[PDB]
Amino acid sequence: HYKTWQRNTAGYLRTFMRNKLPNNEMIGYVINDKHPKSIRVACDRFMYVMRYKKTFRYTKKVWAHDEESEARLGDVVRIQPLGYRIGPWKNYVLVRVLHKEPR
Amino acid sequence: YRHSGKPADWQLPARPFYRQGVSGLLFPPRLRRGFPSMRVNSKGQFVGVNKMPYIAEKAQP
Amino acid sequence: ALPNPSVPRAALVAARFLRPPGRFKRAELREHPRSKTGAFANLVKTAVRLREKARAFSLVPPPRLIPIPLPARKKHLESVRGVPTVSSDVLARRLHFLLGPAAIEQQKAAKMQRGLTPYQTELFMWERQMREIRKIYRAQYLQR
Amino acid sequence: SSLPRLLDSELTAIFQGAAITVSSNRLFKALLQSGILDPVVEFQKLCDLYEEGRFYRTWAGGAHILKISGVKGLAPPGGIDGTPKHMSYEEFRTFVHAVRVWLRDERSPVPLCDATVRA
Amino acid sequence: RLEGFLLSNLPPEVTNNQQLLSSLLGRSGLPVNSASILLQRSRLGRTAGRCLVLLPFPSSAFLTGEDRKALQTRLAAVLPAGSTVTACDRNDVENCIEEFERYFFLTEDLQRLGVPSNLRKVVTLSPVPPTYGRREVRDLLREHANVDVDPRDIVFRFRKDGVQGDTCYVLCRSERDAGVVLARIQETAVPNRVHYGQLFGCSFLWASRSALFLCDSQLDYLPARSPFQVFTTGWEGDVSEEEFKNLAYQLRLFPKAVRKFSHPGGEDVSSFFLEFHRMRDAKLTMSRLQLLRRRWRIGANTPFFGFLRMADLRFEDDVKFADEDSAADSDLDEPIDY
Amino acid sequence: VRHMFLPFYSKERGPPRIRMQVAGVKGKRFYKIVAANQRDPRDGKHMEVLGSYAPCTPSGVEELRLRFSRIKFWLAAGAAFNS
Amino acid sequence: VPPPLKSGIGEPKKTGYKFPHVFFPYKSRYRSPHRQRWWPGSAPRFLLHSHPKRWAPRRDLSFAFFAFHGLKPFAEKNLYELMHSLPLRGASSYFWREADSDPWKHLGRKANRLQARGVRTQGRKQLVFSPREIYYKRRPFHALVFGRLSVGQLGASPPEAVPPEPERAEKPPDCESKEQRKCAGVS
Amino acid sequence: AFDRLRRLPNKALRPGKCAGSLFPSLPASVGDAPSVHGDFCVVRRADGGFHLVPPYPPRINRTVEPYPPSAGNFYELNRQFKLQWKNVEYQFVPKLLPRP
Amino acid sequence: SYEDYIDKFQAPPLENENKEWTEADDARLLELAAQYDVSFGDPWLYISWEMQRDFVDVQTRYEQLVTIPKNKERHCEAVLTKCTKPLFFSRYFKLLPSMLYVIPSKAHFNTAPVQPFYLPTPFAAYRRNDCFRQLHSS
Amino acid sequence: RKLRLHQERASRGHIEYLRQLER
RNA sequence: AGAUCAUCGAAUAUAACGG
RNA sequence: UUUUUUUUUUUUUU
RNA sequence: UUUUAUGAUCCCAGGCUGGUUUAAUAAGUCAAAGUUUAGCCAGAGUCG
RNA sequence: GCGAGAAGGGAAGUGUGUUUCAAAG
């Protein structure tokens with residue numbers, strides 16, 4: 001939790017903007033594409049510390065869904081959240097693929 | 001008035017107060033008091049809200 | 001059937017602002033004899049009777065839901081759809097009547113009814129006046 | 001036209017033969033062996049329709065996760081058992097009915113499941 | 001077999017111009033043998049928010065499977081504007097679409113037969129059925145389980161804002177005896193929903209109850225516009241005065257009515273009107289009557305009282321109808337208390 | 001335009017209403033006019049503050065501070081009040 | 001202490017509950033809607049606790065024991081009980097309710113309530129009942145009597161009587177009005 | 001650690017929001033709209049009316065033991081609510097709370 | 001006593017009470033109609049006080065000079081879209097009663113179509129003549 | 001002219017204060 | 001509906017699935 | 001199917 | 001096939017937030033990593 | 001007929017809460 005005066009500093013606002021995306025979108029790279037029509041997207045987030053005034057990074061691995069199964073391992077993609085639960089692990093939907101690794 | 005005993009039109013103006021005499025702001029923030037209990041919807045229409053107002057809303061410029 | 005019983009749509013839209021009952025009020029319904037139970041209002045039979053009536057017949061399969069990303073969209077300001085078309089001159093004179101001395105004497109000059117106290121005649125007359133001022137303010141706020 | 005009617009008694013042998021509750025892995029393979037559905041339907045065809053139909057949620061297949069994990073299972077994977085839903089006799093009947101028509105309407109001039117379309 | 005499509009939710013800017021609509025069909029498929037369309041028109045000459053398209057003779061369209069239908073639907077769905085529904089039409093529903101257009105044109109014409117006092121305690125309602133309904137289709141009902149040969153051309157159906165068949169269906173009866181018999185056995189009935197593939201569709205529970213009445217008279221339109229809270233009462237004893245007879249006996253009961261009116265016609269039953277000041281008084285009266293009814297052992301289904309209302313009307317030389325007015329403020333008279 | 005007042009109305013608590021409050025120090029209590037629901041507590045959640053009221057003042061004349069641009073706006077929404 | 005619960009005549013034996021209500025041990029201010037009405041200044045529930053089972057020793061049994069209903073006081077005699085002894089079952093007669101000797105109007109805890117007028121410092125128009133059809137289920141205190149309800153004006157005589165009204169036809173023959181207390185008629 | 005008795009948090013009847021919806025016609029945010037009725041249901045009254053009613057047992061939490069030790073002296077624990085209609089019975093006594 | 005209140009504290013004398021309408025009175029009513037909006041709220045609340053008469057008498061006079069002549073020269077269509085709606089319940093009202101609608105007759109509204117119902121030749125085949133009362137023209 | 005209603009006089013002061021602050 | 005550092009008690013770690 | 005009913009209805013063949 | 005030092009398996013205890021003035025060229029424009037007092041949200045079921 | 005737990009600390013750690021948005025039964 002952040003105090004009222006902690007929500008107006010440039011350090012916190014800058015971190016917020018980086019994390020914040022349209023439709024709560026995220027950026028990550030796929031690390032597992034073994035199961036059919038399934039890909040695990042590894043997203044990286046950021047956080048601010050009001051004590052030492054330094055920002056660190058922590059990975060957030062999540063599961064996604066692909067229709068055409070165009071994405072492959074080691075390919076940065078875009079994910080979008082959803083207001084339901086489908087499958088045991090599936091919690092995201094693909095939109096597009098930015099980069100493609102050769103084979 | 002004295003005879004009619006009704007309020008007059010022209011009278012003394014207001015008496016605004018300023019802290020430490022200074023009454024100048026160079027970087028005014030964007031306050032949320034422009035639309036009290038009113039917001040914009042996805043459609044663009046005006047809708048209300050249900051929230052407790054901040055006790056120190058005006059004391060935190 | 002099982003989730004929601006047979007409930008007419010007319011009685012569902014009207015019951016919107018109905019406050020839910022409290023803890024003690026719930027026990028009254030549950031207390032025996034259950035004389036507040038209506039026709040086809042049983043909580044034991046209604047939940048299985050409906051199901052069986054539909055078993056004889058075919059069952060429509062659930063719709064096929066295919067996930068699809070939602071495109072991004074930016075906020076856009078829009079004008080007010082509801083704006084009463086009334087001139088400001090008309091409302092100026094109407095405000096002087098309710099707030100003027102004529103309102104006080106209007107309440108006194110009212111016809112009484114059998115079975116009602118003298119204060120009731122003026123109270124109801126004042127209530128009708130209070131309904132007109134609400135519309136005037138609502139129209140003015142929307143126009144501005 | 002003139003779709004055949006699936007007798008209740010016939011389905012009893014298939015359900016009991018594959019074996020109260022049973023797993024869904026043995027039922028998928030046994031359905032094709034009996035040939036009750038009749039190109040040849042592949043194993044993946046049934047699996048794809050099972051997920052698209054949203055049967056795991058409807059039937060409450062994820063309720064068994066809280067029995068082992070408990071509070072940790074409430075959160076999503078990233079914010080975990082993944083066993084399939086064990087359909088019973090009652091449950092299986094419904095699914096057979098649903099999948100029987102999903103294949104007939106795939107080539108009919110007048111769709112039955114989803115006839116509408118949005119621009 | 002395929003015989004055409006059905007459009008809906010069309011914008012007003014395309015239904016009012018035949019040139020633009022015809023051009024959109026030529027590129028997708030056959031041009032306006034060529035295909036034919038039919039635009040629904042209201043009694044006042046205004047169009048609707050939907051249209052219909054008919055395919056050429058079946059000789060050149062009998063051999064058409066789903067492979068050729070999916071592509072045609074898809075291609076013809078993109079050209080029109082957004083927020084549009086393009087569904088297929090079967091051989092059975094195709095004949096029903098024509099009746100839908102005719103009902104809208106004859107809506108006002110059909111709301112005159114049996115509406116007057118002639119047929120008071122006859123009219124019924126059952127807003128169970130969905131858009132899937134017809135005069136012929138519904139005729140088989142109320143005969144196999146209730147035994148009641150109702151008239152054919154006495155069936156009326158309301159409509160929603162988008163000229164869509166409202167689920168609210170209303171029926172009538174020739175005689176009065178059978179009226180009661182209809183609203184006692186039609187409770188929780190599941191005949192069928194749709195007849196496709198020679199098999200029945202989803203389930204639907206029937207529910208018949210008297211909750212609405214109709215009246216048409218020359219001395220009712222004007223009196224029912226002055227007050228804001230107007231009541232209706234009927235099923236009274238032998239012929240009675242207003243000031244001398246109706247007022248005096250009212251004291252015994254708990255009507256609490258500011259004013260009253262009469263209803264001539266020369267029948268063996270009277271019907272006096274009531275007026276209230278506030279909405280709360282009106283509301284409380286409703287309860288009172290209801291309670292009393294039970295005590296008297298009159299009947300649950302027996303019409304005893306009702307609430308008067310003014311039906312929406314659409315005049316000419318008007319840019320917007322009263323019912324479609326978004327700036328109306330006729331809701332402040334109903335205060336909310338909880 | 002009833003759609004614009006939907007959020008205001010509360011199913012659990014009730015419709016909006018205008019009343020007063022009791023707060024301050026013992027022996028010098030002052031009234032505070034606010035807007036809240038029907039079942040809400042006398043001293044608790046409040047939607048908007050309209051003003052205050054001081055029936056006892058050193059000058060001997062009762063004071064009353066109110067907002068002319070908010071009271072009229074709230075009445076249009078259908079807010080009741082006590083006698 | 002409260003009176004023990006008893007079943008009325010014409011009812012099979014029931015099983016008594018262990019507690020008056022669900023929240024017996026935990027809560028104490030909660031009250032059941034079907035609570036008994038035995039404290040002075042109330043009325044019974046008609047057909048729930050008005051006529052409990054009556055028992056007496058073999059020695060006390062007699063014909064007169066069965067005739068207790070018909071000899072009840074004026075303040076407790078209902079319509080059913082009254083019509084049973086009248087000629088022709090009280091058919092082709094008139095009846096009216098006299099709300100002047102109610103138990104709560106003279107005795108009871110809340111017997112000094114403040115009315116809208118205050119206190120009473122000092123020819124009426126009372127309703128008249130004409131029983132047409134009479135059907136007795138559980139004699140002598142139960143029946144489905146259908147009659148014509150009308151209004152009538154009282155006379156100036158010392159007693160409560162009905163001179164030349166009923167005059168107006170109010171409603172067709174319907175169910176009874178009240179089941180608390182009734183008076184005689186001219187017939 | 002196998003077949004260990006776990007514990008789940010309590011949850012009462014969620015009151016529905018005033019600003020609800022019947023059926024979302026193609027929603028265009030990233031979530032599901034609330035409901036007015038919510039947990040509660042509308043039934044026909046005895047006197048020909050419409051009123052609220054406590055639905056069938058709302059997810060009786062069997063995982064947590066009774067708090068008051070003196071519960072067996074006044075209430076019979078280990079109860080079952082069965083649904084039967086003529087010769088038909090359905091299996092719905094298991095009240096499990098699925099994941100969000 | 002309820003009878004004493006209606007006899008003692010009830011005697012409002014109205015100036016223009018139980019009087020016929022004259023030529024000057026008709027002009028005065030028309031002038032007030034323009035000053036106060038008619039299709040906005042209750043216009044009869046303020047006009048009645050100016051004329052010193054009952055709220056019902058004033059409405060009838062205006063309805064027989066403007067409303068009737070105007071409504072008799074316009075086409076009207078009967079629809080039920082907004083009128084069909086229930087009433088919100090409350091703590092003293094938890095029931096769904098009946099209703100009664102008002103349909104205008106031909107004596108006060110010229111309800112006639114502007115164009116006969118025309119059907120195309122190909123679309124006329126799918127029409128049941130045994131399910132309709134009115135004949136098929138053209 | 002000659003604002004007799006209390007509402008009219010109350011709004012007069014609001015405009016005067018806002019005009020001074022406007023530049 | 002999305003996002004949303006864990007801390008103390010000194011400490012002691014690889015576990016559950018299918019051939 | 002059996003006691004309770006101030007929530008209903010139905011009964012014919014030239 | 002899945003988690004796992006960016007803490008997977010696993011034992012005990014702690015429920016989250018707001019509160020107006022507040023001196024010093026630390027003159028705070030929100031009291032500057034973390035301090036509270038009328039207050040918001042939230043807190044299972046049972047008469048067999 | 002209507003209102004009534006207005007005296008509740010027993011459950012839970014990635015939970016309870018906070019923040020950003022949305023909601024024409």
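Residues numbered from 1 in each chain as written, not as in the entry; some residues may be left out. Chains lettered and ligands numbered in written order. Part of a larger assembly, values for the part shown. Heavy atoms only, no water.

Looking at the method and resolution fields of the entry, one finds cryo-EM and 3.29 Å.

Looking at the PDB entry, one finds chain H named Mitochondrial ribosomal protein, mS156, with Toxoplasma gondii as its source organism. The record for the entry shows the title "SSU(body) structure derived from the SSU sample of the mitoribosome from T. gondii".

Per the PDB entry, chain B goes by the name Macro domain-containing protein and belongs to Toxoplasma gondii.

## Examining the interface of chain G and chain C
Taken together, the eight residues of chain G in the interface contact seven residues of chain C. Taken together, the two surfaces of chain G and chain C that pack against each other cover about 780 Å², and 60% of this comes from carbon and sulfur. It is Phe23, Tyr30 and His34 of chain G in chain G that bury the most area against chain C; as a group they hold 56% of the surface buried on that side. The interface formed by chain G and chain C includes zero salt bridges. Viewed at the interface, chain C and chain G are joined by two residue pairs in polar contact. Residues that form the side of chain G that touches chain C fall into these classes: five nonpolar, two polar and one charged. (Contact = heavy atoms within 4.5 Å. Buried area = accessible area lost by both parts, 1.4 Å probe. Salt bridge = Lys/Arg side-chain N within 4 Å of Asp/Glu carboxyl O. Polar contact = N/O pair within 3.5 Å; in protein donor to acceptor, adjacent residues only side chain to side chain. Nonpolar A, V, L, I, M, F, W, Y, C, P; charged D, E, K, R; others polar.)

## Overview of helix α3 (residues 43-52) of chain D
Residues and elements named next belong to chain D. Those residues of α3 not exposed but buried are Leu46, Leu49 and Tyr50. For α3, the arc enclosing every buried residue in end-on projection is 105 degrees, short of the 170-degree limit, so these residues lie on one face. Where the residues of α3 are buried, they touch α2 (24-34), α4 (55-58) and α6 (89-104). Positioned one or two residues after α3, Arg54 has a phi angle of 60 degrees, which is positive. (Buried < 20%, exposed > 50% of the residue type's maximum accessible area, 1.4 Å probe, protein only. Helix = DSSP H or I, 4+ residues; strand = E, 2+ residues; numbered from the N terminus. Arc of directions from axis to C-beta.)

## Some remarks on the interface of chain I and chain E
Across the contact, 58 residues belong to chain I and 76 residues belong to chain E. On the chain I side of the contact with chain E, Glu77, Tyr92 and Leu100 of chain I bury the most area, a combined 12% of that side's loss. Remark: the boundary between chain I and chain E carries five salt bridges. If you look at where chain I meets chain E, you find 28 residue pairs in polar contact. Among the elements that make up the side of chain I that touches chain E, the one with the highest residue count is strand β2 (residues 99-102) of chain I (four residues). For the side of chain I that touches chain E, a count of residues per class yields 34 nonpolar, 11 polar and 13 charged. Across three bridges, strand β8 (residues 213-215) of chain E lies against β2 of chain I in parallel orientation. (Pairing = 2+ DSSP bridges.)

## Some words on the state of the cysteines
This structure, assessed with the given rule, holds zero disulfides over all chains. Of the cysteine sulfurs around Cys168 of chain E, a residue in no disulfide, the closest is that of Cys83 of chain I, at 12 Å. (Disulfide = S-S within 2.5 Å.)

## As for the protein's contact with RNA strand K
Taken together, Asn24, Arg45, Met47, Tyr58, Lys60 and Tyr92 of chain A together with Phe2, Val30 and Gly31 of chain H make up the full set of residues adjacent to RNA strand K. Sugar plus phosphate, as a fraction of atoms of RNA strand K within 4 Å of the protein: 100%. At 3.4 Å from a phosphate oxygen of RNA strand K is found a side-chain nitrogen or oxygen belonging to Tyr92 of chain A. At the level of elements, β2 (38-49) and β3 (54-65) of chain A are the ones that each hand at least two residues to the surface near RNA strand K. (Near = heavy atom within 4 Å.)

## As for the packing of helix α5 (residues 101-108) of chain C against helix α6 (residues 118-143) of chain C
Residue and element names in this part refer to chain C. Between α5 and α6, the least distance of the axes is 8 Å, while the angle of their chain directions is 140 degrees. Relative to α6, the element α5 lies oblique. For the element pair α5 and α6, the recorded crossing hand is right-handed. On the side of α5, the interface is formed by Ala103, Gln106, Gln107 and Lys108, while α6 contributes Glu122, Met125, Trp126 and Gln129. Here the residues of the contact of α5 with α6 sort into three nonpolar, three polar and two charged. (Axes fitted to C-alpha atoms, helices over the stretch in contact; angles between N-to-C directions. Parallel < 35°, antiparallel > 145°, perpendicular 65-115°, else oblique. Left-handed = near helix turned anticlockwise from the far one by under 90°.)

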